[PDB]
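A.B. asks: part one of the complex, untouched from its place in the assembly:
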Amino acid sequence: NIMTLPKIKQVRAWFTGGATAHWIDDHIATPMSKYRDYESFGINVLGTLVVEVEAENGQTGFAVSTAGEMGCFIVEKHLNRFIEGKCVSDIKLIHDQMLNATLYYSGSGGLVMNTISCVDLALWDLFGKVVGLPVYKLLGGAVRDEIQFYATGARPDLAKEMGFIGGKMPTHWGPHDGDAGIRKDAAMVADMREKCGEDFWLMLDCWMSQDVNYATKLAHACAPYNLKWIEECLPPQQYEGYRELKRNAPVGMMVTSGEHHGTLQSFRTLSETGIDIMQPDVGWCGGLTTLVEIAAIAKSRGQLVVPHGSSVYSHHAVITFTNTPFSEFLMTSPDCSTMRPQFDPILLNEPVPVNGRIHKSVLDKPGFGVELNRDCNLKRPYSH
């Protein structure tokens, strides 16, 4: 009676862009801002990793992430031994073998975890396509008919005109800029509030570029404008810093972090610091398998989990979380004015929000519902 499932025959890894191949390129505050010559620091060195898992029946599944050539090394020279020969349904098993087999060098996040994540996603894609169901249905179905999005870019006013529920702006100054920096980023928020109205959400992303005092001053300077939350003020290792910041945050204003945190255990620690919302990235936290466990601990705490925007990889997950009432969409547009697929053009048939939402019928396709665009500058650095 049971549906026959094939075994996985092989896994392949390619990379595009990177070392060995606009608003975001405009004075964005980062951990490197401290340095004038980097106010450049190689934010695009990794490039994109694409992992394809082929089953013994010819069916295939894939996923993409940030890892590039080095990611292909990890996949082609190490993880393949835990992937090939497995059942297409041995997703959790492969995931655990990967985490434990690379524990000694993964550093619980970053490059190696992004790679493990990509594999996990490619396995889920394959399984769903083998079964004939969208990932969100395999996970237990949607808990809402559509996903509502806030947009990340420099123009919250334009995002509002486009139907989004909010807009997240990046900070432009850091600790070394002192009171002037705070004054300028705060004024920026004040202006957007003026232009967007009261009900449209505004958020600040600080991309690990501040310390507790600067972050505290910035949050309070923005409190008069009802900033919903202040995101990733500190490097991910500074859990203690996050606990202190949260305690000094304006009442009602939320403190969030997590896109650069990896492994379930790290999120357990992060959650205990008191921050309001953890923001794991499926492609960095360990994959879908890990993301779903992270959602659960936040829920066990009566807290929301709001994953980083990862296109279809995130959509299929968040639509099933009773714990994620909204999601994120990155405005990869130079001026932030058009709806361009996030992973364009590597992904074919990638959906985009319409009126700030994506209905579930849109996700009703096998696996993650997209196909690999093999006309990209895909490179095969290693084989096995």
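C.D. replies: Perfect, I can see it now. Numbering: from 1, shown residues only, chains lettered A, B, ... in the order given.
A.B. asks: the domain parsing of chain A - what is it?
C.D. replies: What curated CATH domains lists as the domains of chain A is A:1-132+A:374-384, A:133-373.
A.B. asks: dump these to JSON lines, plus mean neighbour count.
C.D. replies: All C-beta atoms are positioned from the backbone trio N, CA, C, and that covers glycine. Shown next, in JSON lines, are the domains of chain A (neighbours: other CB atoms under 10 Å):
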{"stretch": "domain A:1-132+A:374-384", "mean neighbour count": "19"}
{"stretch": "domain A:133-373", "mean neighbour count": "20"}
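A.B. asks: could you look up the SS state of residue A:53?
C.D. replies: When classified by DSSP: H, G, I helix; E, B strand; the rest coil, residue A:53 comes out as strand.
A.B. asks: partner residues bridging it?
C.D. replies: Under the criterion DSSP bridges, residue A:53 forms beta bridges with residue A:11, residue A:61.
A.B. asks: report the contact partners of it.
C.D. replies: A:8, A:10-11, A:60-62, A:83, A:119, A:122-123, A:125-126 (CB atoms under 8 Å, 6 or more residues apart in numbering).
A.B. asks: ok, residue A:79 next?
C.D. replies: A:11, A:98, A:101-102, A:115-116, A:119.
A.B. asks: then residue A:272?
C.D. replies: residue A:239.
A.B. asks: would you mind measuring from it to residue A:264?
C.D. replies: 13 Å (CB to CB, to the nearest Å).
A.B. asks: quick one: the strands in the stretch 201-350 of chain A, in order.
C.D. replies: A:201-205, A:229-231, A:254-257, A:277-278, A:327-330, A:347-348 (DSSP state E, counting those that start in this stretch).
A.B. asks: put chain B on too:
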Amino acid sequence: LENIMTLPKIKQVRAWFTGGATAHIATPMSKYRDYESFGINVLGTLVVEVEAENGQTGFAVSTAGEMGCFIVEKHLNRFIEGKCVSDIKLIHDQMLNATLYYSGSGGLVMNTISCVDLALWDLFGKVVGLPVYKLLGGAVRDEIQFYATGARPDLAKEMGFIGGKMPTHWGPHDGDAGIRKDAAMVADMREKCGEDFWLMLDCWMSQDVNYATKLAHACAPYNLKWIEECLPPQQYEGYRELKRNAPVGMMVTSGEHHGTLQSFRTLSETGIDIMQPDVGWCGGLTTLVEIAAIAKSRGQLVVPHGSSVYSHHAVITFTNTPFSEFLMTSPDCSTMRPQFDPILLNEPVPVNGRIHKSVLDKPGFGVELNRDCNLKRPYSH
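C.D. replies: This next block brings in chain B, placed alongside the chains you saw above:
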């Protein structure tokens, strides 16, 4: 006042790799009957060489391999070249912050940053004409005393070491039998080594709190000095609980797989007795020295992982490190073979379980690169 010594700028940095996938110890993978193999030798060795504008050079080695060469040749080089040979701390900070978004605060990327830091210190010392340990403020003891890591503590004792660290052979899935066997192993070594010789167990991230607690107590009757790295590095909370349940007087340690100063701050606050950073994984010498300081500020010892000359020059200057580690890379653990043999030339080894400082009295880390190894240059710039 005399004229300041003129220092050259670094001209270029190059990286090679030897070993790697492109050239019954308990582990986290032990639970799988097919890996109890799991690719523990996939990375290979990374060698970084920094050349100054005057032709002088400095280098260091670590675990990163080909991928490490990618990081060095395609990213970090921009923060290294053109700098003064004395801009060590600056380069170190630029590297940490420039790779923060993908380093994961440890592992592969940190091992790479570490290797660079060490190569820079090697260069600077060789340019100045002083051993690294003198640049750091001098030795605080005349010799480094060592305990040995291998399966034969009894042989290590005969060789003059102050102790012997054995690895565990079973884990949580083996239950009471596993505990019984590893405990008996310790009991036997105690019998053969006497009372004053130290015995330690390395668990290499393979246990959970309950198993570790039972194992420590089963070994308490034999005065095990400490139980090392029982849990994965992210489990700080686990370490706090384990420490609270550890036999009184028995120490709990960890740290060889932890990276960045901030992580060590967190680790130290769990209550564990001794942190064991590895210069080649924690971030480099620059970071190791800061780690030593927070342990000292706590009135605690810091005992770095054994990293040959890279560790020696650091630990001999720490009033906080009364002893160090030497790995028995011998199949049976019976001979004194240089740890990084043969990649390192003129690498010293302990004699009577010690290495006098006069042995370290050479420029930088006092060793030279053996260019007759299977060194590969995967990338250039």
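A.B. asks: so after the longest helix seen in chain A, what's the next helix or strand?
C.D. replies: What stands out as the longest helix in chain A, according to DSSP state H, is helix A:110-131. Following helix A:110-131 in sequence order, the next helix or strand is helix A:135-138 (DSSP states H and E).
A.B. asks: what packs against that next one?
C.D. replies: In terms of contacts (3 or more CB pairs under 8 Å, 6 or more residues apart in numbering or on different chains; DSSP states H and E), helix A:135-138 is packed against helix A:110-131, helix A:312-318.
A.B. asks: could you dump the helix or strand where residue A:148 lies to CSV, C-alpha only?
C.D. replies: Using DSSP H and E, residue A:148 sits in strand A:146-152. The C-alpha trace of strand A:146-152 is given here as CSV (Å, rounded to 0.1, in the frame of the first residue of the first chain):
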residue,chain,number,x,y,z
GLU,A,146,-1.5,34.1,2.9
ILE,A,147,1.8,35.4,4.2
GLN,A,148,1.9,39.1,5.0
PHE,A,149,5.2,40.9,4.4
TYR,A,150,7.1,43.9,5.6
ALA,A,151,9.8,45.1,3.2
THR,A,152,13.6,45.6,3.7
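A.B. asks: returning to what we had before: so which of the helices and strands packed on helix A:135-138 is nearest chain B?
C.D. replies: Counting by CB to the nearest CB, chain B lies closest to helix A:110-131 out of those; the figure is 2.6 Å.
A.B. asks: with just CA atoms, put the closest one into PDB.
C.D. replies: What follows is helix A:110-131, C-alpha atoms only, in PDB (Å, rounded to 0.1, in the frame of the first residue of the first chain):
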ATOM      1  CA  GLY A 110      28.700  30.700   9.300                       C
ATOM      2  CA  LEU A 111      30.200  29.200   6.100                       C
ATOM      3  CA  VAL A 112      30.000  25.500   7.100                       C
ATOM      4  CA  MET A 113      26.400  25.800   8.500                       C
ATOM      5  CA  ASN A 114      25.200  27.700   5.400                       C
ATOM      6  CA  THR A 115      26.400  24.700   3.400                       C
ATOM      7  CA  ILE A 116      24.700  22.100   5.700                       C
ATOM      8  CA  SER A 117      21.600  24.300   5.400                       C
ATOM      9  CA  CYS A 118      21.600  24.300   1.600                       C
ATOM     10  CA  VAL A 119      21.900  20.500   1.600                       C
ATOM     11  CA  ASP A 120      18.900  20.100   4.000                       C
ATOM     12  CA  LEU A 121      16.800  22.400   1.800                       C
ATOM     13  CA  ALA A 122      17.800  20.400  -1.300                       C
ATOM     14  CA  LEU A 123      16.800  17.200   0.400                       C
ATOM     15  CA  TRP A 124      13.400  18.600   1.400                       C
ATOM     16  CA  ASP A 125      12.900  19.900  -2.200                       C
ATOM     17  CA  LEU A 126      13.700  16.400  -3.500                       C
ATOM     18  CA  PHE A 127      11.400  14.600  -1.100                       C
ATOM     19  CA  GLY A 128       8.500  16.900  -1.800                       C
ATOM     20  CA  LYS A 129       9.000  16.500  -5.500                       C
ATOM     21  CA  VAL A 130       9.200  12.700  -5.200                       C
ATOM     22  CA  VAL A 131       6.000  12.600  -3.100                       C
END
